[PDB]
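# Close look at the chain arrangement
What follows is the residue order along each chain.
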Amino acid sequence: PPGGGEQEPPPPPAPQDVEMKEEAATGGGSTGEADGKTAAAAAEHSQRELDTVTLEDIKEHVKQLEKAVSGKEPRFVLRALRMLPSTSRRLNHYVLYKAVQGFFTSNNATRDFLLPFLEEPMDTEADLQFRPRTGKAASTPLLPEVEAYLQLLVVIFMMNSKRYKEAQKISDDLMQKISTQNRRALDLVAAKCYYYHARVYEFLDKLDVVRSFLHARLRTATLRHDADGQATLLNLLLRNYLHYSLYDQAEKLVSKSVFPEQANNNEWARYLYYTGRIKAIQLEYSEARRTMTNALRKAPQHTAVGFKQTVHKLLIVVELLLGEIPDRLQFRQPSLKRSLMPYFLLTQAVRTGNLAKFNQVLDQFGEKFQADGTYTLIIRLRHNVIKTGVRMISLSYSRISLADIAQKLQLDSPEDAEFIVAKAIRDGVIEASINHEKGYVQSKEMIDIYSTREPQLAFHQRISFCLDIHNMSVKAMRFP
Amino acid sequence: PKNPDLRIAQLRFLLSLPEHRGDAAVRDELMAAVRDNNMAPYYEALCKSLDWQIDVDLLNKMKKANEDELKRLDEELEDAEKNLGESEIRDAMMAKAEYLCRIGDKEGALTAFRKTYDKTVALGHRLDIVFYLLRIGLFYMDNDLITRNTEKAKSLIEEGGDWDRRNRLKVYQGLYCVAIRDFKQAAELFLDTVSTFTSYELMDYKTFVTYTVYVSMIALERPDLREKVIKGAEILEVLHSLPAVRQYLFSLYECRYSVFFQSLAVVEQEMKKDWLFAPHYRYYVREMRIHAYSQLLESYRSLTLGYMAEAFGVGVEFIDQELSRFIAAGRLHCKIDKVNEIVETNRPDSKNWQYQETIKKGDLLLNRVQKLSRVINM
Amino acid sequence: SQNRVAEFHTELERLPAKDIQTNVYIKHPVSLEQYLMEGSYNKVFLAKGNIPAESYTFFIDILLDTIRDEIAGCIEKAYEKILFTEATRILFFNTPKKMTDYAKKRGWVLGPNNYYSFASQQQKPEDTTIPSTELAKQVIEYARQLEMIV
Amino acid sequence: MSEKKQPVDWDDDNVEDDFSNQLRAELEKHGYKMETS
Amino acid sequence: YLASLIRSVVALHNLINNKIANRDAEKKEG
């Protein structure tokens, strides 16, 4: 009594009001922007969906007793919304269900009444006009049954409900809604379904069936137009291609669909991370590092989002092969716990010439390296150490006898030194030249001058940028 | 002083890292411990140091006698005198808290000061209490404590009473010197040399001058170094008594490099034995060596390393290896040769320098306007 | 052997443990790849005579030939004159049996020790100061986007 | 935003750039370099 | 590089003010 009766008053008040008014305002705005301003892409619909994704999902995992959030289904289960009294009475029913739940015990679902709270919800003269509301209130029950964090008696229901919602949205878009483009929401739905499939493929077989379904799903897109649809499906599919079945790489290399220019910024980071991974695994290193750094600064601004850790654990190896990382710059407070234990010991061994310590660290942390799915290091990093030494020699000296590098890089012979330096110059790490006569290695000509035709080539790019920005800005000014 | 002696802190450091040096310092460290009956700290140190000697009984009984005498005095005062604020009870518990700081651990003393700070209304007493907190925090290098109370003093109080504040323009810098960061700050605020409390303000004058010289030679080399330190008769007075330091300065200024390295070896050796400076000895030696190398490399454009082999020290291969190490790291702005031993210096023309600066400052700003425009507009 | 090194590693992802600890058959080709990633070459010819499976020489001969021709290509020489004895040191084996083959198409001479032939020197020839036709285009374009917005 | 990537598994001296153990301090190296010549 | 830039920053400033004012005038009537 002291823990259940006394803690009952505090809980009931907040979910009774704040969540209900939240979904009320969101539905009102959705109805307003679907009725007027058919170009309703720019609205609070996306902000509402993001807030529901961020805030409402985490506030609860259990079935929300005392009819606070489980009661919404028995509220909207009978909705007509044909004329003014029908919509008014459906809102009144919502209010009355909230009042009853705050006064007495309202309708409860015992892990099996959600289908009647879902079948009857689409029954009782339900309104198609709020198709987005149907989708939202059908997907929200997924996350509770998904984020129940139990994975018992809810994953199967999750899969069935997901299939129901997918079928509903496919039949809805079969009519090709006019001046509405519900896809702006559908995408999230799609992602959500993939979620449970992963959960399904975490509780059962992988997402190959999902793979076929989503090939069909992007095929039904890309035809009319694209509105944030394909931009999600592509990275979902190449996520599954690389999801513990990553051994498949050959194909996606021929995924030649253009990636849409105007996309949600958060997704561009996923796209560039996966492009970097695929580029680096097949041994191209010039483009990989630059595009991955472009990815990192694209959308990192958050309090420890989490995958920045992984991109760092990749950019360190992918640029270890070519030079030096900021040795102490990036080991700060978030990543410090992980990155430091293996990667720091590595780069420290790499700058030094200690092969035995390299083997020691490899033996110690190979399990962690394989767990991260980045075991390329032994494959190439162990046998490409001498490249760094050649780079250093390039930076310091400008005229040296190749008979000296052998004692400087412990090669013990001049001829194989000639071979390795020639290979390095052909690879383009250094542009020196060799006198094949008397053990003479010379640098290229001095830097000619920094103001002949190489500068203005950059200022042209910057003008293109600046004038483009000004035009983009001036166009979309004051719609009404 | 409020703290019994920062000297004792220096001593404990001088005895901690070297076990071999557990002979000379302890000889008077034990005397300083037994005197004043500041017993509470040394027990653990004695667990770390030499084993034990039976004196805890008498030290405990005398500390307890003083404790109870002071407590009875203060309670009788609070029962007979009924004034608050800056009244007699306040100073009685000042005596108690000061005795705790002098003798015991920091927790009880700091709690006493916490319970007495709200009692005051006079700003001078608040400044005195924050000074007590600064001294006790700097005694054990409790970083967050001093970071909080320095801001407390410098913001909440420093708008009324003045000139009793120059006692603090030398403590900001004690902190900025114990941590490697910002030698520039300490150099530019140890600029004043009218020090006040000779030993109540921690270290003695002469040590203060050696510290200002030591830091200053880094933050500014020959951008009017002379008009600040060479023309400073006030420090020329005291360094006239110390030959080593004046030899060091005038060896670097007059371009006499061999004696300069001798002196720097001496300075590095003695800086090893310190408390505030010991962590950064090895950032000093390296950032001085490189300054001298670039100072001589200027005024030449094609030098022969056989010339530095003598005009700067000895050991052709030695300067070879050092030049290699420093050039690779992006410093000692030049290039090298090996077949005929001719170090050639390259230096960007002004125009190239300005072009290189703009090419990055601009695109950095462009990236920020890019992100701004992307967040706005949906 | 057929110099598809790019598609080599991308097939090596599938094998989690049999490629290192045991199973000599997979061990051999990755080891040879590692040997040929460093400038080490003589070790390849030294270790050629150890194959765990059957002869498989039908590919090892082609691999040796491709390595030879790649190493030759790396020694790209602008100067038409190089001492042929330097090539003789390289693993070209017979003094004129294959020297004639390179001589027919490649430059230098076949074991002369004073090579004479066409040169591979390259000069930028960027003396021309006239990108005027296109640079004028660019400038007019800037004027184009300073206007025509109303 | 949550990416389902399961991220969750001393001195304020700032950046230390690159320091490598030399063992011998400058005083030792130069002190005995001079002895040779 | 020094005349285009201060021609874009002005345009962003004007856009920010416009969106602020238009949305404010919208919610004021709602």
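Rules used throughout
Residues numbered from 1 in each chain as written, not as in the entry; some residues may be left out. Chains lettered and ligands numbered in written order. Part of a larger assembly, values for the part shown. Heavy atoms only, no water. Residues with missing side-chain atoms left out of burial classes, pairs and counts. Helix = DSSP H or I, 4+ residues; strand = E, 2+ residues; numbered from the N terminus. Buried < 20%, exposed > 50% of the residue type's maximum accessible area, 1.4 Å probe, protein only. Areas by Shrake-Rupley, 256 points an atom, 1.4 Å probe, with all protein chains shown as cover. Contact = heavy atoms within 4.5 Å. Nonpolar A, V, L, I, M, F, W, Y, C, P; charged D, E, K, R; others polar. Axes fitted to C-alpha atoms, helices over the stretch in contact; angles between N-to-C directions. Left-handed = near helix turned anticlockwise from the far one by under 90°. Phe/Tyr/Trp six-rings, centres within 6.5 Å; stacked < 30°, edge-to-face > 60°. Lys NZ or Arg CZ within 6 Å of the ring centre and 35° of its normal. Salt bridge = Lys/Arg side-chain N within 4 Å of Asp/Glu carboxyl O. Pairing = 2+ DSSP bridges. Parallel < 35°, antiparallel > 145°, perpendicular 65-115°, else oblique. Polar contact = N/O pair within 3.5 Å; in protein donor to acceptor, adjacent residues only side chain to side chain.

The deposited coordinates, according to the entry record, derive from cryo-EM at 3.8 Å resolution.

Helix and strand counts for chain E come out as one helix and zero strands. For chain E, the C-alpha atoms occupy an extent of roughly 45 × 5 × 5 Å along the three principal directions. Taking all 30 residues of chain E together, 23% fall into the buried category. Summed over its atoms, the accessible surface of chain E is roughly 2300 Å², and 60% of this surface lies on carbon and sulfur atoms.

Across the boundary between the two partners, chain A contributes 12 residues, which contact 11 residues of chain E. Class assignment for the residues of the side of chain A that touches chain E results in eight nonpolar, two polar and two charged.

This part covers the packing of helix α15 (residues 257-271) of chain B against helix α1 (residues 26-36) of chain D. Between α15 of chain B and α1 of chain D, the shortest axis-to-axis distance is 9 Å and the interhelical angle comes to 145°. In this structure, the crossing between α15 of chain B and α1 of chain D has a hand that is left-handed. Taking contact as the criterion, the partners of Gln262, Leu264, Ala265, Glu268 and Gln269 of chain B in α15 of chain B are, on α1 of chain D, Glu26, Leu27, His30 and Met34 of chain D. Residues that form the contact of α15 of chain B with α1 of chain D fall into these classes: four nonpolar, three polar and two charged.

Next up on the list: the interface of chain A and chain B. Contacts between chain A and chain B engage 26 residues on the former and 20 residues on the latter. Contributing elements (two or more residues each) for the side of chain A that touches chain B: α18 (386-396), β1 (399-400) and α21 (456-475) of chain A. For the side of chain A that touches chain B, the element with the most residues is α21 of chain A, which contributes five residues.

Two measures describe an aromatic ring pair: the distance that separates the ring centres and the angle between the ring planes. With a centroid separation of 5.7 Å and an interplanar angle of 35°, the aromatic rings of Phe260 of chain B and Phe261 of chain B are classed as tilted. Linked through ring pairs, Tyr248, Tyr257, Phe260, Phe261, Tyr293, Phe312 and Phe326 of chain B together constitute an aromatic cluster. Over the face of the ring belonging to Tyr241 of chain A we find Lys252 of chain A, whose NZ or CZ atom lies 4.6 Å from the ring centre. Cation over ring: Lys2 of chain B sits above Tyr132 of chain B, and NZ or CZ is 3.2 Å from the ring centre.

Attention shifts here to unusual backbone geometry. In this model, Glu66 of chain A sits at a positive phi of 65°, which is unusual for a non-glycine residue. A positive phi angle, near 60°, is found at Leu202 of chain B, a position not held by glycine. You can see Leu202 of chain B is positioned in the loop between α10 (183-189) and α11 (205-219).

Right, let's talk about the pattern of salt bridges for a bit. As a salt-bridge pair, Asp36 of chain B and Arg102 of chain B come within 2.9 Å of each other at their nearest N and O atoms. Taken together, the residues span a long stretch of sequence, with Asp36 of chain B in the loop between α2 (24-34) and α3 (39-48) and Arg102 of chain B in helix α5 (residues 88-103) at a distance of 66 residues. For the salt bridge of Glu287 of chain B with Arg331 of chain B, the shortest nitrogen-to-oxygen distance reads 3.3 Å. Within this pair, whereas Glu287 of chain B is found in helix α16 (residues 281-297), its partner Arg331 of chain B is found in the loop between α18 (316-328) and β2 (342-344), the two being separated by 44 residues in sequence. Linked through salt bridges whose partners overlap, the residues forming this network are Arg289 and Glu322 of chain B together with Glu26 of chain D.

Once that is clear, we can look at the arrangement of the chains. Contacts between protein chains span seven pairs of chains, and they are most numerous for chains A and B. No part of chain B reaches chain C; the closest C-alpha pair between them is 19 Å apart. There is a gap between chain D and chain E: no contact, and a shortest C-alpha distance of 26 Å.

Another aspect to go through is the sheet that holds strand β3 (residues 440-442) of chain A. Residue and element names in this part refer to chain A. Pairing is antiparallel in the open sheet, where three strands are placed in the order β1-β3-β2. Two strands close off the open sheet at either side, each with one partner strand: β1 and β2 (433-435). Alignment of β1 against β3, held across two bridges, turns out to be antiparallel. For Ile400, the partnering residue across the bridge sits in β3 and is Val441.

Residue and element names in this part refer to chain A. Turning to its location among the elements, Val350 is positioned in helix α15 (residues 336-351). As for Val350 and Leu320, which are separated by 30 residues in sequence, their C-alpha atoms are 8.4 Å apart. Aside from chain neighbours lying at most four places away, what touches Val350 is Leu320, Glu324, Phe358 and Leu381.

Moving on, we come to the packing of α15 of chain B against α16 of chain B. All names here are of chain B. As a packed pair, α15 and α16 sit with axes 10 Å apart at the nearest point and diverge in direction by 170°. Considered as vectors, α15 and α16 are oriented roughly antiparallel to each other. The segment α15 lies against α16, with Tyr257, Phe260, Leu264, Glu268 and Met271 engaging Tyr281, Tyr284, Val285, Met288, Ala292, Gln295 and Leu296.

To continue, consider the side chain of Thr232 of chain A. Tracing the chain through its elements places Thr232 of chain A in helix α11 (residues 230-241). A polar side-chain atom of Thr232 of chain A sits 2.4 Å from the main-chain carbonyl oxygen of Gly229 of chain A.

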